[PDB]
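Protein chains in written order, with full-length UniProt numbering: chain A, 2 to 524; chain B, 2 to 524; chain C, 2 to 524.
Since the structure comes first, as structure tokens, the remarks are kept for the end.
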Amino acid sequence: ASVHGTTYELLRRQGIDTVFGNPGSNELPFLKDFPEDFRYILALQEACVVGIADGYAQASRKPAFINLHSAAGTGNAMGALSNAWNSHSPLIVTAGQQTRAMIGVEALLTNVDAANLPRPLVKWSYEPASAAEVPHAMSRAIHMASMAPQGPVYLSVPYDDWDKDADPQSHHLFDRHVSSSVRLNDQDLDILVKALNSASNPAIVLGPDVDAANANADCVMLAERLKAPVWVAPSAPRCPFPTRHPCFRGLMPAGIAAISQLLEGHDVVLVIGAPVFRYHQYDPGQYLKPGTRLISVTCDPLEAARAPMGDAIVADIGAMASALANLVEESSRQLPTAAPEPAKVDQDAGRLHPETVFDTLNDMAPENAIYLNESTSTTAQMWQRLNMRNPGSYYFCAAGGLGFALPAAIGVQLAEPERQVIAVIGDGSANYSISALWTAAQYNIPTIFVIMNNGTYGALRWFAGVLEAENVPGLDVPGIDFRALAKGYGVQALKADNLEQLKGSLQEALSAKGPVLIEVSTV
Amino acid sequence: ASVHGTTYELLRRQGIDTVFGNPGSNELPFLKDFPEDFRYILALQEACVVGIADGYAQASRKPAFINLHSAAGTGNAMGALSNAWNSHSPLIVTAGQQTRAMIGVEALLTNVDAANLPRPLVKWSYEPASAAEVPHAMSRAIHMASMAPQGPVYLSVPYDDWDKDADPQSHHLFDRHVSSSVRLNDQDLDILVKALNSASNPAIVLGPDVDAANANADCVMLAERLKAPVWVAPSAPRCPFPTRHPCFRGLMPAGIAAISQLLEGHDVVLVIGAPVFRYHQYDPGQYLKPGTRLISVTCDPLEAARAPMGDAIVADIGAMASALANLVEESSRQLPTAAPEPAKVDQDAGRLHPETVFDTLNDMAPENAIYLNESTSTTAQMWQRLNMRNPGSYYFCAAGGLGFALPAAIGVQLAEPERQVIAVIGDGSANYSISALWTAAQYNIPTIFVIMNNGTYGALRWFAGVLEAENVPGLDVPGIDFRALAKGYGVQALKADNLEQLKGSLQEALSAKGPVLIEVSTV
Amino acid sequence: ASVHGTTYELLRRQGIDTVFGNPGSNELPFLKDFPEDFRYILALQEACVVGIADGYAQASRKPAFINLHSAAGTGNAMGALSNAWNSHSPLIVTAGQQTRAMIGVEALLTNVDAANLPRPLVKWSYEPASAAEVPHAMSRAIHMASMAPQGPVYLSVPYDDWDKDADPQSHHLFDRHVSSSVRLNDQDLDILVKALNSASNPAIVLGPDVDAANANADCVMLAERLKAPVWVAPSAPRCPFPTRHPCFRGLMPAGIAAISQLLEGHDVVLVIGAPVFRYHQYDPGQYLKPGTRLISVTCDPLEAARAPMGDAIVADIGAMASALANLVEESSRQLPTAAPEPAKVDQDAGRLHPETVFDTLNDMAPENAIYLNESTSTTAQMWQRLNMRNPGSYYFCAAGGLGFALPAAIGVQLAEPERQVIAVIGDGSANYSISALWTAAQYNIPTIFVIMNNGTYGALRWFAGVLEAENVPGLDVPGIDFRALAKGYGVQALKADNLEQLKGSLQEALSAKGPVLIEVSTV
Ligand SMILES: COP(=O)(O)[C@@](O)(c1ccccc1)c1sc(CCOP(=O)(O)OP(=O)(O)O)c(C)[n+]1Cc1cnc(C)nc1N
Ligand SMILES: COP(=O)(O)[C@@](O)(c1ccccc1)c1sc(CCOP(=O)(O)OP(=O)(O)O)c(C)[n+]1Cc1cnc(C)nc1N
Ligand SMILES: COP(=O)(O)[C@@](O)(c1ccccc1)c1sc(CCOP(=O)(O)OP(=O)(O)O)c(C)[n+]1Cc1cnc(C)nc1N
Ligand SMILES: COP(=O)(O)[C@@](O)(c1ccccc1)c1sc(CCOP(=O)(O)OP(=O)(O)O)c(C)[n+]1Cc1cnc(C)nc1N
Ligand SMILES: [Cl-]
Ligand SMILES: [Cl-]
Ligand SMILES: [Cl-]
Ligand SMILES: [Cl-]
Ligand SMILES: [Cl-]
Ligand SMILES: [Cl-]
Ligand SMILES: [Cl-]
Ligand SMILES: [Cl-]
Ligand SMILES: [Mg+2]
Ligand SMILES: [Mg+2]
Ligand SMILES: [Mg+2]
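Encoded structure:
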């Protein structure tokens with residue numbers, strides 16, 4: 002059989018049925034004769050292609066397959082890959098290379114030194130030494146992306162390889178099963194369980210890999226048994242816990258001193274599925290105060306190595322959460338009391354306070370809604386004001402790279418057709434990957450986009466005021482008409498200049514059969 | 002406290018008491034005021050430094066710490082690093098850099114682009130952005146080297162850093178424990194156990210990570226329960242099984258077709274602690290024959306991803322071996338019958354056949370001897386003729402890089418003072434790291450070196466003959482006097498030109514209190 | 002024709018007729034049927050292979066060709082590559098790779114991520130995408146090594162490529178001529194000349210690229226016209242000026258403040274063929290004093306970019322030196338007076354002072370001898386006491402990496418059979434590449450090796466004393482018998498324990514027909 006035929010049989014046998022892409026000449030011999038059991042999803046720029054695939058992979062909890070054009074396409078997507086690395090997203094990134102005969106002379110569209118291009122943002126990066134090796138290299142890419150800690154991988158394939166004969170022993174690849182569903186040995190697990198059973202004032206901190214594992218319900222059982230307060234680790238890419246459960250204490254601020262203060266007085270802090278810790282602002286102080294010991298369970302050896310404090314165990318988050326939740330004793334301590342509901346801030350008949358926007362969303366959205374956040378000055382308020390009861394309900398750029406939420410919302414909605422997706426995106430952030438709107442229109446993927454228009458890079462003004470940095474250029478973004486941009490890409494465009502208009506426009510968007518953008522005038 | 006003082010406290014708290022090194026100006030601020038509870042082991046060239054450390058780490062089953070001089074020192078050791086990568090050896094390699102004030106002008110002894118120098122032969126490679134970061138970077142190095150899959154790491158440190166002030170919060174680093182002692186979840190382990198119990202004709206294949214884990218006894222119990230034959234995987238860097246146990250079937254030849262023929266008729270093949278597979282010669286054919294299913298247990302995701310056939314599980318070898326050995330049923334089939342003794346080859350009163358040398362070592366050496374092999378044309382006969390009953394009894398260059406066994410034998414002997422080390426090394430292989438002899442002399446480490454002098458690169462001549470490659474230059478190495486080389490570096494020098502001389506020289510070497518080299522005249 | 006045939010034709014047409022190597026299986030298909038118009042020079046370890054080739058290239062002023070074994074062989078040579086980078090040595094380094102069909106499974110002897118292995122120490126590094134590309138890739142390597150600034154390059158070739166068919170269009174590669182023999186345009190060159198003519202007290206500083214270009218005599222003319230003192234730039238790899246010419250002022254100390262003080266009072270300083278500057282010790286101060294302007298002519302953009310002061314011109318050193326020498330006016334100022342003769346140090350009938358050794362060599366050696374220096378505590382005295390009248394008379398490790406001079410002296414002697422080579426090497430330095438001696442014995446290359454045995458790493462003890470660094474381990478190297486090491490590799494061994502013995506052994510060595518090692522007992 003041909004390399005083309007063998008590779009599509011490997012893909013289907015490993016459960017792949019969708020290709021996310023932006024095409025070019027070096028990819029045509031791969032894409033021709035596209036099989037009837039696969040679908041292709043086009044986007045207009047490569048940051049958007051990768052963002053869409055990333056949201057699909059995160060929500061589906063399975064690998065996503067991507068096809069890009071040589072160095073130009075790969076390079077246009079490297080900001081997107083920065084986020085995917087931080088979220089442990091299982092992305093199989095393929096890129097077409099020039100014919101083997103013209104690589105040496107560096108013809109136009111030759112990807113020079115191709116395996117080095119995406120580094121350091123990938124787990125594995127490779128160009129095969131021969132056409133017959135291509136199916137084996139694809140098998141390696143599928144398993145490197147899928148094994149814990151999951152992450153993006155890169156395969157460059159010369160366009161002349163596809164029509165050649167495959168290795169006849171390639172069939173052994175098709176049904177390979179590789180497992181990393183492992184947990185701590187019985188003896189040492191009993192030691193950890195004893196340490197939790199005897200803690201006087203335990204606390205729990207959960208990160209994005211809990212939600213990726215669907216370990217949310219087991220972490221609820223664990224926190225109930227231990228009667229422990231639960232926080233989400235800073236700069237949170239996902240939501241790992243029901244936000245109105247009595248044990249929940251919210252999003253930790255991303256500062257050294259702020260976190261040591263929250264943890265003071267807790268004798269044992271158990272961190273599950275997070276780096277220790279993803280700080281942001283510089284807030285110098287102690288990493289931990291006297292009398293607190295920390296124990297981290299992580300799927301990633303790089304996270305375990307770099308923590309400046311505590312013990313660590315490297316294992317699968319699903320397997321570990323389930324074991325712990327079923328082994329710990331039921332403590333007779335008092336259950337934590339729920340956090341108070343947020344205050345309703347004053348709102349006049351003019352521009353909307355962000356707080357008003359989140360309270361309105363919470364009143365009106367379905368219980369199984371999925372939110373995405375790229376409104377960078379309003380994140381603390383968002384986490385306080387949205388009740389998220391289910392897994393897979395929140396996504397935020399994992400490496401802080403803007404251009405994620407708009408495309409990712411489209412892929413999430415494709416993966417979860419029965420759950421309404423609502424992306425809350427700032428006016429500055431919207432521009433980075435604006436062309437992704439076209440894919441939602443073309444494939445009728447009914448995502449709702451809420452644009453928070455305050456006229457400025459708000460979060461930057463705030464950091465500057467703090468730093469006392471004066472006379473800084475480039476902080477304001479006046480003169481962008483988001484309803485016209487939505488029209489430009491075929492997406493229905495509504496406005497909200499006051500509270501009554503926000504309520505009406507949201508009612509309509511919830512009832513719509515296609516995607517909808519709402520431009521909100523914010524203070 | 003200084004960066005110097007903090008760093009030596011981190012090392013001691015993590016169990017390190019020995020520095021393997023070759024010094025220079027950029028390392029003087031690290032090495033000054035050397036602590037009285039540490040020991041420094043000097044070698045005369047950097048391939049020797051790293052080989053010594055590598056044998057010490059493999060035999061001790063714990064990390065080894067190395068200090069080299071900038072780019073020149075690091076570069077001289079990069080062949081050594083190739084072996085260490087393939088053996089999963091936990092090596093912490095440090096190198097001194099120029100003072101930060103002269104890095105930019107590229108003064109003499111500046112390590113340019115330092116973190117890139119040792120790649121791709123290391124798990125992690127780094128240069129800190131400030132002096133106060135040095136202790137944290139050293140903690141990351143220690144844990145990255147020690148976590149499964151174990152391996153070498155690299156840290157570059159500007160010489161002006163050591164006298165600067167350390168951060169008081171570095172104390173949290175000292176007692177961090179990180180575990181990767183994990184096994185497959187109960188539900189999936191029970192499925193595996195059922196498959197082994199149901200097999201009609203199972204076989205087992207063991208690799209070097211069994212011996213690294215001290216899982217040898219558990220594998221013996223597993224084989225006895227399943228009544229299964231046991232092979233060692235090809236290109237073997239270590240010995241994972243007692244070589245005269247009735248189940249033992251020997252070293253697999255390092256060829257695709259050869260291995261599929263051996264495994265014919267076996268319905269389930271369980272591989273533990275090996276790559277699938279480390280082939281050498283090109284022996285094209287089937288990876289497996291029909292009706293053989295393969296299941297691999299490996300500590301290395303890179304091995305699991307690249308296997309061209311079978312299922313895989315990524316976990317700790319010690320943990321998985323113990324669990325399987327204790328859970329499988331006792332089979333009603335008959336135990337394999339032991340391999341017969343090899344035949345004695347005819348030997349006259351002149352130059353020694355390799356077979357005679359191995360039979361003589363087997364008759365005379367202690368039952369707890371430790372052997373090293375770098376006699377490249379005689380490996381199959383070595384494996385047939387030495388009875389190795391105990392763990393930690395054999396080492397061979399894991400990446401096939403010559404210059405390993407001579408220095409490594411010195412490090413193994415330093416780690417295991419109560420077990421006699423005997424290194425069997427070819428005349429060509431002896432020269433790559435010849436200056437290592439000095440270190441055995443200076444520290445009185447009583448390794449025995451058996452030089453197999455056939456006058457040639459024998460393995461190469463054999464390869465050329467198979468390919469019928471004619472008129473190849475550089476295959477012979479006449480005119481080396483190994484007794485004079487030994488005297489040059491202060492090591493006692495004996496000869497063996499016939500069988501009676503060999504028996505006499507071996508008896509003496511076994512009785513000796515210092516290192517001894519024996520130059521053997523072989524056919 | 003085959004790739005093998007076409008590649009050897011390209012090599013001979015581009016003037017290459019010697020292969021320096023250490024062989025293995027991945028290289029057998031390249032080395033078989035070795036052509037009658039080529040010669041193979043074998044060395045026992047790869048640091049030695051590359052050092053031999055490096056001395057040969059430097060003395061011959063032409064590229065040298067190297068063949069190594071996969072990653073193990075390449076890695077063993079990377080300290081040698083560090084020096085070659087700093088000396089701008091035109092080295093074409095080839096390494097054999099596994100067959101294409103087993104690269105993906107990572108069989109033994111697979112060079113993983115091969116092109117990244119030697120970085121950052123090479124100008125260009127590559128693995129071809131097909132067998133037919135191999136001749137074009139070799140043509141790229143040859144020209145990249147030879148173009149200004151010259152330097153080392155790396156090519157990895159799968160062993161199955163050689164027997165494959167070459168493209169007939171590869172014939173266009175054979176006679177390609179590439180020139181970088183350029184100089185500054187006439188208008189700007191006239192501006193530079195007027196500045197030199199108008200200077201009241203000019204000085205000149207020369208570096209190794211003057212000697213590589215054979216620009217030495219043009220620099221003498223320039224100095225005589227301008228009536229200018231001449232210094233050699235610090236950490237000098239070569240000698241660019243006659244050491245007893247009246248303008249010569251000697252080797253500059255490798256310190257920032259030392260150099261600005263030497264140049265004080267000179268209104269214009271012209272640097273030719275050196276980095277600005279290769280400092281070593283940290284000697285902080287002014288880069289230049291206020292009344293001094295500096296102008297650098299260099300063949301390397303990396304040198305021009307990193308200079309912390311002065312104007313620069315990037316051009317060919319031969320072409321620029323000739324132009325300047327013939328355009329400048331004859332000044333009416335006084336020619337500098339010659340440095341006085343060094344004083345004779347007191348010497349008893351016991352161990353030799355280094356000064357005595359150099360005075361004796363100067364008295365007895367031919368006027369066209371070639372010296373190599375790896376006696377690291379004696380360099381300043383060597384430069385004062387040896388009259389070197391001719392080009393190509395001195396070599397010193399360009400990156401400070403020990404293990405250069407012993408092999409390089411063999412390659413220089415191979416390149417210049419009618420000039421006596423005398424390598425002055427310390428007892429510590431001798432061990433790094435000791436096995437190189439065998440190549441001098443086997444090919445009867447009559448280098449004289451003078452071992453300076455002071456029992457210690459002397460330069461390190463000096464550096465430690467300056468730092469007041471105490472309790473430093475590893476500074477002494479007792480117990481090495483260099484006459485026995487010489488005998489081990491077949492090289493005649495003489496001793497010199499006092500002045501009368503030194504005079505005798507030198508007279509003998511000068512008369513010898515093979516290589517000779519003299520072990521000198523120094524203070
Ligand atoms: C035959 O087309 P190719 O050789 O594939 C292409 O690479 C190309 C480049 C330069 C000149 C001609 C074609 C082209 S041309 C091309 C179509 C552009 O269409 P557009 O509507 O702009 O003009 P036209 O073709 O209708 O006149 C694409 C998508 N590509 C691939 C591509 C994808 N993504 C990125 C970032 N860069 C790329 N070059
Ligand atoms: C203080 O802000 P920072 O720490 O600089 C920023 O990096 C950031 C990231 C994540 C969370 C909060 C801030 C942010 S936030 C930010 C402004 C986004 O403005 P937007 O109008 O979307 O929301 P808001 O701030 O008004 O509520 C920018 C430009 N950046 C820098 C940036 C630039 N270009 C790209 C591709 N990614 C980036 N992150
Ligand atoms: C003050 O010495 P440094 O600045 O450390 C050194 O790098 C050096 C280099 C060039 C000139 C002067 C010193 C030197 S000089 C040196 C000692 C050589 O001793 P040797 O006995 O050869 O001569 P001497 O000093 O007694 O006259 C060493 C080990 N080093 C470090 C070093 C270690 N390993 C390797 C591969 N290369 C190296 N250069
Ligand atoms: C068929 O041999 P190959 O596949 O070429 C070789 O790589 C090898 C490795 C492991 C096992 C068997 C052979 C071998 S075996 C070998 C000869 C060693 O001769 P020695 O005299 O030590 O033993 P013998 O063969 O006579 O019994 C060489 C030079 N190589 C290549 C080589 C060169 N330089 C360095 C740094 N490392 C290397 N491995
Ligand atoms: Cl267990
Ligand atoms: Cl809707
Ligand atoms: Cl490298
Ligand atoms: Cl379990
Ligand atoms: Cl003994
Ligand atoms: Cl490569
Ligand atoms: Cl001109
Ligand atoms: Cl002579
Ligand atoms: Mg804004
Ligand atoms: Mg031999
Ligand atoms: Mg010395």
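Beta carbons are placed, not taken as given, at the ideal position from N, Cα and C, and that holds for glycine.
On the CB-based measure, 16 or more other CB atoms within 10 Å of its CB, does residue i come out buried or exposed?
i	result
B:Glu356	buried
A:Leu468	exposed
B:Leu336	exposed
A:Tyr283	exposed
C:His178	exposed
Answer yes or no: does any C-beta atom of chain B fall closer than 8 Å to that of residue i?
i	result
C:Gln287	no
C:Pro447	no
For chain A, is any of its Cβ atoms less than 8 Å away from the one on residue i?
i	result
C:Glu342	no
B:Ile314	yes
B:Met310	yes
residue 578 of chain C	This structure does not reach residue 578 of chain C, given that chain C is present from 2 up to 524, and the question cannot be answered.
Taking the continuous alpha helix (DSSP H) assigned at residue i, which residues delimit it?
i	result
C:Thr357	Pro355 to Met365
C:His5	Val4 to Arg14
A:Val467	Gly459 to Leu468
What span of residues does the beta strand (DSSP E) with residue i cover, start to end?
i	result
A:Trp163	A:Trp163 -> no beta strand (DSSP E), and no H or E assigned at all.
B:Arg40	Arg40 to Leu43
C:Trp232	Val231 to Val233
A:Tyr57	Premise fails: A:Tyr57 lies in the alpha helix (DSSP H), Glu47 to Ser61, not in any beta strand (DSSP E).
Under 8 Å, do residue i and residue j count as touching if we go by C-beta distance?
i	j	result
residue 530 of chain A	A:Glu304	This structure gives no information on residue 530 of chain A, because the portion of chain A shown stretches from 2 to 524.
C:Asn77	B:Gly80	yes
Could you please tell me which residues of the stretch 167-201 of chain A, in chain order, have their CB closer than 8 Å to any CB of chain B? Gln170, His173, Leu174, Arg177, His178, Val179, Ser180, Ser181, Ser182, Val183, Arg184, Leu185, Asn186 and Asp189
Please name the residues in the stretch 84-99 of chain B whose beta-carbon is closer than 7 Å to at least one beta-carbon of chain A, in chain order. none
Which residues, in chain order, does the stretch 43-74 of chain B contribute to contact with chain A at a C-beta distance below 7 Å? none
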